[PDB]
Number of protein chains: 2
Amino acid sequence: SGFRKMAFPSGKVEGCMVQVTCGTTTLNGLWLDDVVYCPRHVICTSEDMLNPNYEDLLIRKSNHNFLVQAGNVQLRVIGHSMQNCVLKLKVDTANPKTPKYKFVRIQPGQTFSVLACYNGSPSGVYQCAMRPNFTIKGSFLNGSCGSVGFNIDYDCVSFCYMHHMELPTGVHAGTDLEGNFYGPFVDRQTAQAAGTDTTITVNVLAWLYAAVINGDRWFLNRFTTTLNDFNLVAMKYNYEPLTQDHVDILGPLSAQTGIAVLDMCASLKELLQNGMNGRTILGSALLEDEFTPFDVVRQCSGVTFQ
Amino acid sequence: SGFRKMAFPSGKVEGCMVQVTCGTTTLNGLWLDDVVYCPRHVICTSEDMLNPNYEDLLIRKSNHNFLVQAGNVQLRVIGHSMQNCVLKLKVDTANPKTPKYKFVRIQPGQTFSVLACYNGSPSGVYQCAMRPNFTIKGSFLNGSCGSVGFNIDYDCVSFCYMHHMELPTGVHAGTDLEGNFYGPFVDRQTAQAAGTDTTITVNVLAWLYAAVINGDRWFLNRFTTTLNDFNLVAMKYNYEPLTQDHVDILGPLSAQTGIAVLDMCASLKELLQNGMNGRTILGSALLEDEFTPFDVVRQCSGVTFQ
Ligand SMILES: *[C@@](O)(c1nc(C(=O)OC)cs1)[C@H](C[C@@H]1CCNC1=O)NC(=O)[C@H](CC(C)C)NC(=O)[C@@H](NC(=O)OCc1ccccc1)C(C)C
Ligand SMILES: *[C@@](O)(c1nc(C(=O)OC)cs1)[C@H](C[C@@H]1CCNC1=O)NC(=O)[C@H](CC(C)C)NC(=O)[C@@H](NC(=O)OCc1ccccc1)C(C)C
């Protein structure tokens, strides 16, 4: 028992990280097979960033303008192209440590591990959710661009995120691995801001089940409710609406605990109206929304990768 | 910017994990050079656990009674011994992926990453502190014994923890890699309980500095205090005493922020007396104590490993 925010083991991804330099701009790249993927703004100076014309900046670049290092060894670039906001560099050597992999575009509410990197070297790993306003609450400094987020399924790494920028309030924005931004952000140093964020209700419900499983059940009350009634109160607290899909997804945790989803919704409702009155749940003094139902099941049944 | 609980990249340790079976008991082992280290209770049945005589259980075992698998391949055991509460199995092949490594015994307050494992396979990674009462707040199920905790310094892995047991309230106890328990616990299924835990004051102060660095400074007040005065109030809230060593350790964060340690102590004092009145600090609704000063510096300056 016990319940922790837990990242995937990072080894398979550590093997893919390289440093990419163009002129005096350095950041991280991801090396899979004979392609290196990185944020396109590697081709910019810090003046260029105010308002870059990426097609004009790029067209004046050739293969040899791109320095790719893996450890202390240089990779030879034999081709380049731009897809949306990522640059792809064809190199002459396949990554010998390429894992089985996929590229996916995740939905809001879905979680993933970030391997934060500097100069092609890993610094640490942590878990994030794609927020409803299409940002993530990360930890990123200058040089972290190109760090990636992923999930693992047994031996298969699904890359879902590449890091590009920080927005007001210290939240983060990036792309999928086809270089399409999550959210309506652009890779330019012009004033931009995320919209009001909401709470990922299905995830809060998953975490409450996690609590009951781990024996922390003081908040279970004697009421039930309906989906509509719940949703009315949800809306007022800037919680995302709960759908039939969400109910279905929570089916396994419902079954494991003997608590019907709608009964747990009534307990959450009461927490929203009354607060926690100084108590904690699974050590937290607020309602956590960055564990998916899948995250909870995985951690509560000890699923394993290789 | 942004501040996350962040584990070390796990790849170097993933390469060391094996499965160890004796009879029908399975758990994890750590393979370094030509030795595999694991909890000694691998040699017990679940009846034996109520009150095991480890010397008598062991002496009746030979090398061939120990099954060590790394992937789908069996390691040949050519020697065994017991050191405190760990078993060491000499095998005939050095781990080809052994990192540079050390064994260390950490102090209360120090943090480390856990690679939680089942059947010699990693399931995830998370950050823990050695609590003042010599437990950790982990996430561990049956089969997780032998999972290890570590720190990385550039390329050097310091193993500090091996997981053995869970105690009342869902907290965890284990050994250093010489098999000596943190705390006065024993590897027996007899009623045992940790003492009252306290808050790691120096770590809370580190985290407040992390907050100021990340621009969250609403809690800074206009008072100062003394170490004694602070300690008087600390004691009442079950905070560990602050020492001159602690002040010295916080020197770099003090310098980076321009806030004297004793001024920050006065802000903490006021948080302890008044609470946070519904506000959050770095997204938390309580005072976090599982970031060391070193943890904060590392994350705030992007230090990297390889
Ligand atoms: C990334 O690591 C790198 N960028 C460069 C670069 O641009 O080289 C010339 C090299 S590495 C960083 C990661 C950032 C730094 C701080 N935290 C992070 O996550 N990315 C950027 O520096 C990035 C470049 C974008 C424009 C593609 N710029 C930003 O993140 C900036 N955000 C921004 O310009 O938009 C928001 C905004 C709000 C308010 C006013 C103006 C802009 C921030 C401000 C650094
Ligand atoms: C470890 O993964 C394994 N143990 C065995 C084993 O004993 O084989 C026969 C194989 S793998 C587990 C990890 C535990 C399970 C639940 N969470 C964990 O962290 N360790 C144990 O099962 C362990 C064995 C000890 C005695 C060496 N036993 C315990 O953790 C038990 N704790 C205990 O007996 O002491 C506290 C106590 C409190 C109150 C009453 C009685 C005892 C718990 C109860 C499972």
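Proteins come first, then strands; the chains are lettered A, B, ... in the order of their sequence lines, and each starts at number 1. Atoms within each ligand, like the ligands themselves, are counted from 1 in listed order. All values below come from the heavy atoms of this structure, side chains included, with hydrogens, waters and symmetry mates left out.
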Would you mind writing out a table of all protein N or O atoms found under 3.5 Å from any N or O atom of ligand 2, naming both atoms and giving the distance to 0.1 Å?
| residue | atom | partner | partner atom | Å |
| --- | --- | --- | --- | --- |
| ligand 2 | 2 (O) | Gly143(B) | N | 3.0 |
| ligand 2 | 2 (O) | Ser144(B) | N | 3.0 |
| ligand 2 | 2 (O) | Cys145(B) | N | 2.7 |
| ligand 2 | 4 (N) | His41(B) | NE2 | 3.4 |
| ligand 2 | 17 (N) | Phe140(B) | O | 3.3 |
| ligand 2 | 17 (N) | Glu166(B) | OE1 | 3.0 |
| ligand 2 | 19 (O) | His163(B) | NE2 | 2.6 |
| ligand 2 | 20 (N) | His164(B) | O | 3.1 |
| ligand 2 | 30 (O) | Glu166(B) | N | 2.9 |
| ligand 2 | 32 (N) | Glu166(B) | O | 3.0 |

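Looking at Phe150(B), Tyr37(B), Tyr161(B) one by one, the single match for side chain to side chain contact (heavy atoms under 4.5 Å, CB included) with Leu177(B) turns out to be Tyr37(B).
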| When you look at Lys5(A) and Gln299(A), which way does the side-chain contact (heavy atoms from CB on, under 4.5 Å) test go after all the steps? | CA-CA 9 Å; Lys5(A) 185 145 284 164; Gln299(A) 175 166 175; over 6 Å; no
Next item on the list: Apply the test side-chain contact (heavy atoms from CB on, under 4.5 Å) to residues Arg188(A) and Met49(A): give CA-CA distance (whole Å), side-chain angles for both, the deciding distance (0.1 Å), then the verdict.
Entry: CA-CA 6 Å; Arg188(A) 176 185 174 191; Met49(A) 279 321 304; 5.7 Å; no
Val36(B) and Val20(B): CA distance, side-chain angles, deciding distance, side-chain contact (heavy atoms from CB on, under 4.5 Å) verdict
CA-CA 9 Å; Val36(B) 170; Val20(B) 180; 3.9 Å; yes
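In this structure, OG on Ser147(B) lies 6.5 Å from OH on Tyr118(B), to the nearest 0.5 angstrom. From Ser62(B), atom OG reaches atom NE2 of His80(B) across 6.5 Å, with rounding to the nearest 0.5 Å.
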